[PDB]
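S.K.: The structure under discussion is supplied below as structure tokens; questions concerning it will follow.
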Amino acid sequence: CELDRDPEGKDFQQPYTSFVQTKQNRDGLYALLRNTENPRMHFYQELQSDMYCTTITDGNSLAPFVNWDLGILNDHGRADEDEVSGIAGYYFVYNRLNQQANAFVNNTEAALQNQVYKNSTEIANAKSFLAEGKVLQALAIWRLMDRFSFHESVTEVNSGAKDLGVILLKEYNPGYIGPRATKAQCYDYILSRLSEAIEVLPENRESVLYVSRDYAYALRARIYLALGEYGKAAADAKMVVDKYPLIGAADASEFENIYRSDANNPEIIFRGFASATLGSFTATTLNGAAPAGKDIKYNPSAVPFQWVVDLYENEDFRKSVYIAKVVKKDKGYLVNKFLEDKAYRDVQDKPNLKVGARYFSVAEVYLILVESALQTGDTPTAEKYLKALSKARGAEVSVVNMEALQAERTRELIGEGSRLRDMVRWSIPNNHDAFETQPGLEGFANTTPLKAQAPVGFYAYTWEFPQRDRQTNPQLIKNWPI
Amino acid sequence: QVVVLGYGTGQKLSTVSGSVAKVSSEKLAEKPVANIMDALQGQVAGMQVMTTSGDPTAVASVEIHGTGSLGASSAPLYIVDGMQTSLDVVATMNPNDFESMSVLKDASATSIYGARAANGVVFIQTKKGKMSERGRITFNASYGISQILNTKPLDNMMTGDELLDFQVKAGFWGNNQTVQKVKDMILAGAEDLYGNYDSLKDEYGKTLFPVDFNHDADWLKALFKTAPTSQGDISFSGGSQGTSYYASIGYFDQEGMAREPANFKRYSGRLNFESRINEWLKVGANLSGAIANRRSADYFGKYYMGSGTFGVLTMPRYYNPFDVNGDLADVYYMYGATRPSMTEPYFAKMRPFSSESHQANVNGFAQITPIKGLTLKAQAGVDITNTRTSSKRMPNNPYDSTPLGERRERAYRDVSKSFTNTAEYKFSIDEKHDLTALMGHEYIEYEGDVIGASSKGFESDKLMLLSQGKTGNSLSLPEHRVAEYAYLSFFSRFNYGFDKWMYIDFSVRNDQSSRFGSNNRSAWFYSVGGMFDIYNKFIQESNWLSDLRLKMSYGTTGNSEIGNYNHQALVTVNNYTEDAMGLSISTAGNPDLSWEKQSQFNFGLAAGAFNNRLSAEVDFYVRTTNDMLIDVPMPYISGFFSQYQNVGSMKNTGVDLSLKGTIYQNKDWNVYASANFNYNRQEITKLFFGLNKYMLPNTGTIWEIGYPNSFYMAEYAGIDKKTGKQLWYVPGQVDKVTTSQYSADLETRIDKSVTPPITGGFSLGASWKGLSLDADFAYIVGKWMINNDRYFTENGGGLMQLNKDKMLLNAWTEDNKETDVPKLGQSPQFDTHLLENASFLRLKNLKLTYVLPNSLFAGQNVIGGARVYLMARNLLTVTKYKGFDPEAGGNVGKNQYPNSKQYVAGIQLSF
Amino acid sequence: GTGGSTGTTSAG
């Protein structure tokens with residue numbers, strides 16, 4: 001007498017019994033990765049850097065991040081049913097992706113062990129599906145280790161929170177009460193997942209929308225750079241950098257017309273599916289754009305400094321696409337990288353400012369390889385690839401001298417949330433008061449100093465675990481001493 | 001008496017240790033409503049029952065020994081001579097077939113229905129028919145009327161000529177307007193609305209007047225009526241050598257008192273049969289059926305302008321729904337209306353509804369007695385319900401949005417089945433020792449589904465099939481829902497008795513179920529109990545004491561009224577591209593989902609004096625609930641917003657007592673009385689991850705550790721005589737200080753509990769020469785209720801077009817500065833001044849019967865007797881509530897269906 | 001009857 005009943009009308013979580021169940025759960029995992037790793041979730045690492053100043057129209061929404069107000073950042077965020085945003089929103093979305101990737105990988109392994117697939121093509125595909133899930137496990141753990149764990153240069157911490165990392169779920173467990181793991185176990189687990197996933201995936205890229213082994217090479221290069229091991233980063237970035245071509249343009253208009261488009265852009269390694277009705281969003285925090293009739297109005301809540309514009313040459317293409325002099329009807333500069341896409345609108349005349357999600361590009365691999373070759377000692381490949389990236393955008397670099405690298409990495413990865421981690425690695429302090437705003441835009445900005453001084457080795461570069469955690473969990477050690 | 005508690009044959013009633021309460025067949029029969037539990041308000045001590053609506057299709061809510069859970073249900077287990085039922089299925093059974101009704105409420109009575117008997121169990125037993133030389137026929141017939149309880153909140157409302165003055169002084173009609181300028185033209189211009197429509201273009205001002213100022217209209221007669229009730233039955237009871245039968249056919253029609261329709265009508269039949277085949281076998285079958293047609297008033301509990309009791313209170317008196325002949329018209333008029341508003345019989349005519357339910361119960365047992373004491377019983381049962389409802393919306397009526405019509409059809413099927421196999425053995429070891437041993441197996445299974453299909457766009461009244469709608473855009477997806485569960489169980493029970501004075505019983509049960517999570521699916525429950533007869537051993541005789549028994553027990557039970565599918569991580573649709581679907585997890589489940597385990601300790605004693613003249617029984621219970629269910633809020637490492645796990649603890653401590661007595665005056669007079677009482681106080685022991693207080697979102701209550709769950713609102717301190725604003729108290733800051741500004745930080749825990757602690761009832765009856773008279777009273781004291789209609793009938797600003805209270809005429813102003821009501825430019829909030837004392841004392845029924853004497857039927861061999869009776873239900877109610885009914889609701893009294901008083905008269909020919 | 005849902009009611 002068996003007496004369990006399956007709910008009619010919905011499926012539930014268990015080891016898989018066919019192949020179409022595996023394929024549909026994999027598509028659901030990719031649609032979850034689309035909303036987890038947005039550009040909307042990475043504006044908080046970008047606004048905390050030494051680039052932005054807050055304008056008057058801000059209602060203290062981005063000002064806790066720019067002015068470093070540590071009283072609000074200790075328990076910032078919200079992850080209720082209504083909205084998911086903030087530090088707790090970041091923690092919530094990457095933990096949700098990690099839990100559902102654990103469920104998918106364990107179910108596909110338990111299905112491959114019990115021989116439920118009927119032919120050889122389903123097995124040869126299910127092994128690749130499992131190898132796709134391991135990369136998403138490693139990515140969702142690396143994001144939490146990047147933003148909720150200390151560097152090796154931090155001076156004062158909580159007593160005992162120097163070595164530890166994030167909590168490491170290996171199985172599906174929404175009621176998990178456990179302690180933090182060390183940084184060695186977490187980084188070994190990440191690189192072990194990527195090592196197991198690289199040897200299984202095919203060499204060619206089957207689709208842009210799904211994980212390829214080029215993405216695994218590029219992600220392992222980024223993690224090896226962020227730890228600091230430069231020779232292994234050059235070993236893992238050289239296998240992918242020559243596969244994808246750079247942009248082709250002669251003037252800024254066709255560079256804008258190609259770069260905003262997702263399908264015609266040739267240098268995208270991995271992006272999410274985006275259509276006019278499914279999978280598009282408005283990333284209008286940095287520029288603050290809005291549709292007005294048939295045009296765009298701009299009311300930005302944070303504008304860059306004058307040193308940010310002064311790194312950019314006037315004949316550059318990124319001067320018209322990445323940042324833009326459109327504030328106050330052409331008087332000021334905002335960040336216009338994530339503005340829109342021409343293909344995702346309903347009526348072709350009026351805009352709606354919808355942009356798809358991109359997870360990697362070849363410019364990150366170029367900068368990784370030039371940096372690792374300059375630190376290792378290989379000057380010619382470093383200068384070759386850096387002059388190639390400079391000639392692709394129309395502004396040739398003069399001399400590679402380990403500062404023009406910082407200039408090009410600043411010019412290319414603006415808006416993507418990489419300035420804070422690079423500021424940590426290069427031992428750069430904040431210096432928010434020593435910089436000046438735009439001379440052409442005065443009064444719309446404000447010279448408000450920092451609430452908390454940020455020298456090198458400061459603990460506030462890495463955030464704090466949320467307040468609902470570590471109150472219900474007595475085995476948790478927080479990061480900040482205050 | 002002999003009570004069958006659980007399984008196996010009955011023991012006794014002075015031997016059981018578990019505090020059961022047996023209700024005989026006098027208190028169940030002759031009742032004029034559909035629910036059978038409502039006739040037990042105030043009879044069984046420690047069981048409170050409240051019917052929260054006056055529908056014919058309403059169902060009472062029963063709670064024995066408090067509310068045992070904050071998170072799951074509280075209703076008991078209702079089983080009917082074997083297999084269990086719902087109250088909607090006992091409502092399709094004739095109550096003249098019930099022989100008894102025993103309520104089992106303490107452990108070592110309930111604890112062999114483990115994982116289902118945390119809330120007690122009601123055990124309804126059906127009649128079996130007496131073995132005699134010739135059988136007997138009994139023919140019952142009744143007729144009654146039903147109407148609304150009290151019309152007290154209409155004594156406070158304004159008239160038309162007062163409401164016009166208050167509205168024009170408040171500035172609702174205009175800035176410089178006045179009466180005889182507002183009265184004459186701006187709203188007696190309802191001829192501009194009554195002129196567009198052809199059916200009433202030529203009839204305005206001749207045979208119907210929508211706006212009338214010379215005298216007010218009666219909205220109670222426009223929204224409530226006096227409704228009949230009929231009932232009849234024929235029953236044949238017979239027997240012979242070994243074989244015994246009881247058959248019955250009956251009919252019961254009851255119509256609701258409101259004008260919006262709600263009827264309950266059934267035709268039912270029963271055949272109980274039991275016959276022994278040979279020396280070692282006996283078979284039997286209980287068969288029943290019904291064809292029941294329900295309909296229920298849906299717009300009660302919601303606020304719509306002109307319906308319910310909200311429409312009696314708030315609709316202004318200068319509007320008139322009648323014509324000049326005193327009958328209800330098709331439409332009435334409100335100001336600013338685009339279309340005229342339909343009255344209640346026209347809206348009942350334009351929106352038909354028809355339900356038909358076919359119900360069958362089949363119950364069968366076979367019993368084998370091979371050896372002198374052994375008894376092997378096997379019992380099977382099926383319970384089948386096929387319902388089929390249909391509701392349409394008629395085309396081409398002029399007072400509507402569109403001339404097109406809609407239709408919807410639904411088919412329901414609920415099939416339940418149950419198997420029970422027991423083996424009993426009883427034997428005496430010595431001349432003074434005795435033992436009984438029972439062990440058995442049970443299997444419960446339920447599956448049910450709903451199918452529905454809808455269509456729209458019809459243009460004719462005759463061409464209203466469902467395959468004649470309009471295609472294209474006027475067609476939608478069907479409805480389809482499926483639920484099911486199953487239970488398996490093995491139980492055992494040992495009854496060891498000494499010679500006369502010591503009895504000890506010990507029981508155990510194992511339950512597995514489809515609802516429990518996949519890591520702990522097997523549940524173990526036990527109980528131990530004992531009764532000591534102190535009169536038969538210690539004090540052998542006395543002059544005033546005739547019986548004295550003591551008993552005590554301890555047991556563990558559980559409550560598996562958790563959902564069918566609440567332990568598993570449901571995946572749903574999350575698409576990636578446009579061609580293929582995706583599935584993603586959306587609830588996270590938990591495999592460790594328990595059965596909400598509770599444990600009860602009980603201690604009591606029962607005495608009887610003056611040779612069983614007076615009788616008393618006192619009971620003390622401590623009932624501790626553990627592992628309750630709450631949809632908890634989760635930490636962020638879950639990746640979800642809820643987990644729905646087992647946390648918390650509660651305890652209910654209480655005392656209940658019951659007295660019965662008999663008084664005399666002669667050899668033919670006979671007076672008797674009874675009175676029972678139950679006090680029950682509860683407290684919440686613990687909660688979630690080390691919390692102390694937790695308020696459930698937008699409910700109105702708070703769960704505080706150390707207190708019962710109370711009301712969580714603002715305090716009210718009245719108005720001030722300086723500026724005349726509302727002043728709420730502050731939680732803390734004693735000096736107490738009041739602030740005029742309202743914020744959500746002014747809320748605190750009120751010291752008034754949600755469930756009423758003190759519950760009781762008392763009966764008194766007399767009998768002279770076959771003419772008897774009985775009267776039963778039922779009281780609930782300590783019950784508070786939020787009166788929601790007083791949000792609308794006495795607010796100063798906002799909702800000004802409605803009828804108000806009379807106490808807004810004494811509003812605070814500069815020349816009138818000593819009152820208790822605020823100014824007119826405000827908006828009242830939900831606070832302490834809406835909590836009202838809903839404690840009541842009802843006279844449940846007054847019944848005067850008369851059996852015709854045996855000398856009148858002497859030569860006639862056909863008719864052997866007769867009975868006549870008059871009965872009045874809900875004759876009086878004393879309370880301090882202001883909302884037409886204190887019983888109809890709980891935590892919130894909305895636009896409610898009041899309970900109704902009824903007068904029935906009946907005959908019964910025992911021919 | 002229907003027509004306007006006239007509500008600022010509390011939760012049951």
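Identifiers for the structure tokens are assigned positionally: chains receive A, B, ... in sequence, residues are indexed from 1 per chain, and ligands are indexed from 1 in the order shown.
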Would you please give, as a ChimeraX atom specification, all residues of stretch 379-464 of chain A that DSSP assigns to alpha helix (DSSP H) based on the backbone?

M.R.: /A:379-393,404-412,419-425

S.K.: When you look at residue A:458 with a cut-off of 12 Å (counting only C-alpha atoms), what residues show up, excluding the ones that are within fewer than 6 positions of it in the same chain? I need them as an mmCIF file with N, CA and C atoms, in the first residue's frame.

M.R.:
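Result went into out_39.cif, see below:
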```cif
data_model
loop_
_atom_site.group_PDB
_atom_site.id
_atom_site.type_symbol
_atom_site.label_atom_id
_atom_site.label_comp_id
_atom_site.auth_asym_id
_atom_site.auth_seq_id
_atom_site.Cartn_x
_atom_site.Cartn_y
_atom_site.Cartn_z
ATOM 1 N N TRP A 68 29.208 57.349 1.688
ATOM 2 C CA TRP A 68 29.706 56.323 2.611
ATOM 3 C C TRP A 68 29.105 56.465 4.007
ATOM 4 N N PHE A 150 36.408 39.499 2.961
ATOM 5 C CA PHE A 150 37.493 40.461 3.054
ATOM 6 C C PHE A 150 38.614 40.145 2.072
ATOM 7 N N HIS A 151 39.419 41.164 1.796
ATOM 8 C CA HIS A 151 40.647 41.017 1.035
ATOM 9 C C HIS A 151 41.765 40.640 2.010
ATOM 10 N N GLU A 152 42.997 40.564 1.521
ATOM 11 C CA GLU A 152 44.147 40.278 2.367
ATOM 12 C C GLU A 152 44.850 41.537 2.852
ATOM 13 N N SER A 153 44.341 42.716 2.508
ATOM 14 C CA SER A 153 44.956 43.977 2.891
ATOM 15 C C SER A 153 44.170 44.721 3.961
ATOM 16 N N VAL A 154 43.136 44.109 4.523
ATOM 17 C CA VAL A 154 42.292 44.787 5.501
ATOM 18 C C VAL A 154 43.001 44.807 6.852
ATOM 19 N N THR A 155 42.907 45.943 7.548
ATOM 20 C CA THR A 155 43.675 46.183 8.766
ATOM 21 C C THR A 155 42.939 45.736 10.023
ATOM 22 N N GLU A 156 41.777 46.316 10.297
ATOM 23 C CA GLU A 156 41.001 45.960 11.474
ATOM 24 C C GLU A 156 39.684 45.329 11.043
ATOM 25 N N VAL A 157 39.311 44.258 11.732
ATOM 26 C CA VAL A 157 38.137 43.460 11.427
ATOM 27 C C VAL A 157 37.463 43.090 12.742
ATOM 28 N N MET A 423 39.940 49.290 -7.265
ATOM 29 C CA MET A 423 40.448 50.231 -6.277
ATOM 30 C C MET A 423 41.006 49.508 -5.060
ATOM 31 N N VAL A 424 40.416 48.367 -4.704
ATOM 32 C CA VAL A 424 40.950 47.555 -3.615
ATOM 33 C C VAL A 424 42.276 46.920 -4.021
ATOM 34 N N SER A 427 45.393 49.338 -4.364
ATOM 35 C CA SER A 427 45.684 50.033 -3.102
ATOM 36 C C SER A 427 45.453 51.539 -3.210
ATOM 37 N N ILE A 428 44.362 51.908 -3.862
ATOM 38 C CA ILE A 428 43.987 53.305 -4.064
ATOM 39 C C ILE A 428 43.014 53.698 -2.959
ATOM 40 N N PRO A 429 43.233 54.805 -2.261
ATOM 41 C CA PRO A 429 42.246 55.293 -1.295
ATOM 42 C C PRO A 429 41.096 55.981 -2.022
ATOM 43 N N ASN A 430 40.125 56.455 -1.242
ATOM 44 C CA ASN A 430 38.914 57.001 -1.843
ATOM 45 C C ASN A 430 39.153 58.396 -2.406
ATOM 46 N N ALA A 452 32.082 59.003 6.416
ATOM 47 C CA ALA A 452 33.118 58.192 7.038
ATOM 48 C C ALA A 452 34.344 58.184 6.141
ATOM 49 N N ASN A 479 31.147 40.844 9.826
ATOM 50 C CA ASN A 479 32.412 41.372 9.335
ATOM 51 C C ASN A 479 32.832 42.652 10.042
ATOM 52 N N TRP A 480 31.919 43.585 10.226
ATOM 53 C CA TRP A 480 32.297 44.901 10.710
ATOM 54 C C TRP A 480 32.429 44.911 12.231
ATOM 55 N N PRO A 481 33.371 45.692 12.770
ATOM 56 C CA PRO A 481 33.451 45.823 14.231
ATOM 57 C C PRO A 481 32.362 46.702 14.813
#
```

S.K.: Calculated over only C-alpha atoms, which of the candidates B:355, B:837, B:586, B:829 has the smallest distance to chain C?

M.R.: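 Among the listed residues, B:829 lies closest to chain C.
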
S.K.: Which residues are near stretch 363-379 of chain A? Cut-off 8 Å, only C-alpha atoms, ignore same chain within fewer than 4 positions. Put them as a ChimeraX atom specification.

M.R.: /A:218,221-222,225,230-231,233-234,237-238,240-241,383,385-386,389,402,405,409,412-413

S.K.: I want to know what sits within 10 Å of residue B:423, based on only C-alpha atoms, with residues of the same chain fewer than 5 positions away left out; could you give that as a ChimeraX atom specification?

M.R.: /B:7-8,367-369,374-378,437-441,492

S.K.: Please identify all residues of chain A having at least one atom at most 6 Å from any atom of chain B, considering only C-alpha atoms, and return them as an NGL selection string.

M.R.: :A and (3-4 or 11-13 or 24-25 or 27-28 or 31 or 92 or 95-96 or 174 or 468-469 or 472)

S.K.: Would you export the selected residues with N, CA and C atoms as a short mmCIF file (atom, residue, chain, number, x, y, z; two decimals), in the first residue's frame, please?

M.R.:
```
data_model
loop_
_atom_site.label_atom_id
_atom_site.label_comp_id
_atom_site.auth_asym_id
_atom_site.auth_seq_id
_atom_site.Cartn_x
_atom_site.Cartn_y
_atom_site.Cartn_z
N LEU A 3 1.00 5.26 -0.36
CA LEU A 3 0.04 6.30 -0.03
C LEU A 3 0.66 7.68 -0.10
N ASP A 4 1.41 7.97 -1.15
CA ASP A 4 1.76 9.35 -1.42
C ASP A 4 1.15 9.80 -2.74
N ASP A 11 4.42 20.29 -11.08
CA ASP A 11 5.49 19.35 -10.81
C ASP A 11 6.22 19.81 -9.55
N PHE A 12 6.99 18.91 -8.95
CA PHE A 12 7.70 19.22 -7.72
C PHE A 12 9.13 18.70 -7.82
N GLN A 13 9.92 18.96 -6.79
CA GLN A 13 11.36 18.73 -6.84
C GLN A 13 11.69 17.32 -6.38
N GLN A 24 13.61 21.35 -19.54
CA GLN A 24 12.74 22.42 -19.07
C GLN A 24 13.23 23.02 -17.76
N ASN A 25 13.78 22.19 -16.86
CA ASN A 25 14.36 22.76 -15.65
C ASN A 25 15.61 23.58 -15.94
N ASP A 27 16.05 25.40 -18.76
CA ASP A 27 15.56 26.69 -19.25
C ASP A 27 15.03 27.56 -18.12
N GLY A 28 14.40 26.96 -17.11
CA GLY A 28 13.98 27.74 -15.96
C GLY A 28 15.14 28.29 -15.15
N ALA A 31 16.40 31.32 -17.03
CA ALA A 31 15.52 32.47 -16.83
C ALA A 31 15.66 33.04 -15.43
N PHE A 92 20.13 38.04 -1.36
CA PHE A 92 18.99 37.17 -1.62
C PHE A 92 19.03 36.59 -3.02
N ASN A 95 21.92 34.03 -3.45
CA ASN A 95 21.64 32.79 -2.73
C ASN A 95 20.52 31.99 -3.37
N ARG A 96 19.53 32.66 -3.96
CA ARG A 96 18.47 31.93 -4.66
C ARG A 96 19.00 31.21 -5.89
N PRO A 174 16.64 24.91 2.09
CA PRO A 174 16.20 26.25 2.49
C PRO A 174 16.11 26.47 3.99
N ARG A 468 18.47 40.28 9.07
CA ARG A 468 17.62 39.13 9.37
C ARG A 468 18.45 37.88 9.55
N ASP A 469 19.52 37.73 8.77
CA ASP A 469 20.54 36.77 9.11
C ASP A 469 21.32 37.25 10.32
N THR A 472 18.77 35.22 13.62
CA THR A 472 18.23 33.87 13.69
C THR A 472 19.31 32.80 13.65
#
```

S.K.: From a DSSP pass on the backbone, collect the residues of stretch 21-172 of chain A flagged as strand (DSSP E) and hand them back as a ChimeraX atom specification.

M.R.: /A:52-54,78-79,84-85

S.K.: Atoms to include: C-alpha atoms. Write the selected residues as a compact mmCIF listing (two decimals), in the first residue's frame.

M.R.:
```
# COMPACT_ATOMS: atom_id res chain seq x y z
CA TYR A 52 30.25 59.83 -8.84
CA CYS A 53 28.78 62.83 -7.08
CA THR A 54 25.17 63.16 -6.04
CA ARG A 78 14.82 44.99 1.27
CA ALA A 79 13.81 41.56 0.02
CA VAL A 84 13.99 43.12 -4.11
CA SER A 85 16.72 45.76 -3.85
```

S.K.: With a cut-off of 6 Å and counting only C-alpha atoms, select all residues of chain C in contact with chain B and give the selection as a PDB file with N, CA, C and O atoms, in the first residue's frame.

M.R.:
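Just written: part-v2.pdb:
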```
ATOM      1  N   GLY C   1     -27.898  42.664  -5.129  1.00  0.00           N
ATOM      2  CA  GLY C   1     -27.597  43.930  -5.771  1.00  0.00           C
ATOM      3  C   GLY C   1     -26.118  44.261  -5.815  1.00  0.00           C
ATOM      4  O   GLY C   1     -25.318  43.621  -5.150  1.00  0.00           O
ATOM      5  N   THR C   2     -25.758  45.269  -6.601  1.00  0.00           N
ATOM      6  CA  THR C   2     -24.368  45.670  -6.763  1.00  0.00           C
ATOM      7  C   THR C   2     -24.323  47.174  -7.022  1.00  0.00           C
ATOM      8  O   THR C   2     -25.271  47.905  -6.721  1.00  0.00           O
ATOM      9  N   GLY C   4     -20.993  49.988  -7.122  1.00  0.00           N
ATOM     10  CA  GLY C   4     -20.167  50.637  -6.124  1.00  0.00           C
ATOM     11  C   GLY C   4     -19.815  49.698  -4.989  1.00  0.00           C
ATOM     12  O   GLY C   4     -20.699  49.066  -4.411  1.00  0.00           O
ATOM     13  N   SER C   5     -18.535  49.602  -4.645  1.00  0.00           N
ATOM     14  CA  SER C   5     -18.101  48.678  -3.610  1.00  0.00           C
ATOM     15  C   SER C   5     -17.705  49.368  -2.317  1.00  0.00           C
ATOM     16  O   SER C   5     -17.157  48.697  -1.438  1.00  0.00           O
ATOM     17  N   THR C   6     -17.885  50.699  -2.234  1.00  0.00           N
ATOM     18  CA  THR C   6     -18.014  51.567  -1.050  1.00  0.00           C
ATOM     19  C   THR C   6     -17.224  51.154   0.191  1.00  0.00           C
ATOM     20  O   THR C   6     -17.715  51.243   1.319  1.00  0.00           O
ATOM     21  N   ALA C  11      -9.983  43.613   7.561  1.00  0.00           N
ATOM     22  CA  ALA C  11      -9.837  42.239   7.114  1.00  0.00           C
ATOM     23  C   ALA C  11     -10.437  41.288   8.136  1.00  0.00           C
ATOM     24  O   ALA C  11     -10.220  41.432   9.340  1.00  0.00           O
ATOM     25  N   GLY C  12     -11.194  40.311   7.644  1.00  0.00           N
ATOM     26  CA  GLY C  12     -11.927  39.390   8.496  1.00  0.00           C
ATOM     27  C   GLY C  12     -11.083  38.460   9.340  1.00  0.00           C
ATOM     28  O   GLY C  12     -11.541  37.979  10.372  1.00  0.00           O
TER      29      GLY C  12
END
```
